[PDB]
C-alpha cells in the first residue's frame, strides 16, 4: 500500500532548543508530515468520514509545535508521531520531519533537522 496524505512546509514559531538563548529568542520550525493511509474506500465513497482529515491533523501538529518548549527536535517529532497514531486507526504509519533552517550554527546551509518514521501499533 503506497497511498498517503500529506502536510508539507508547515511552519511554526517556537522556543524549543538545547541552548538557553534559543528558547529565549525562538525561531521558525518547518514541519513535514506524511501518513500511510489506505484511500480506496474514501476514493470510491467520496466520504471524508472514510479518510483522515488533514485540517484536524494540522491542529495536532500546531498544538505540539506551539506548545511548551522542549529541548530536542526528536522529542517534538516523537510527540507528534505518537499523537497522530493514537488518534487515528486508519494511519498505519506516521513520518515526521522537522527542520531548523536557522539554528545557532555559524555557517551557510539551507537547514538542519531530523526525520522519524513511526508505525501505528
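Positions refer to the first chain, counted from 1.
Participant: Can you tell me which stretch has the higher mean Cα B-factor, 84 to 92 or 29 to 37?
Facilitator: 84 to 92 has the higher mean C-alpha B-factor.
Participant: Hey, which bit's got the bigger mean C-alpha B factor in the entry, 43 to 51 or 57 to 65?
Facilitator: Comparing 43 to 51 with 57 to 65, the higher average CA B-factor belongs to 43 to 51.
Participant: Based on the PDB record, which member of 104, 9, 107, 111 exhibits the highest Cα temperature factor?
Facilitator: Of the options given, 104 has the highest CA B-factor in the PDB entry.
Participant: Check where residue 116 lands among this chain's C-alpha B-factors and tell me if it's the lowest, middle or highest third.
Facilitator: It belongs to the lowest third of the chain when residues are ordered by C-alpha B-factor.
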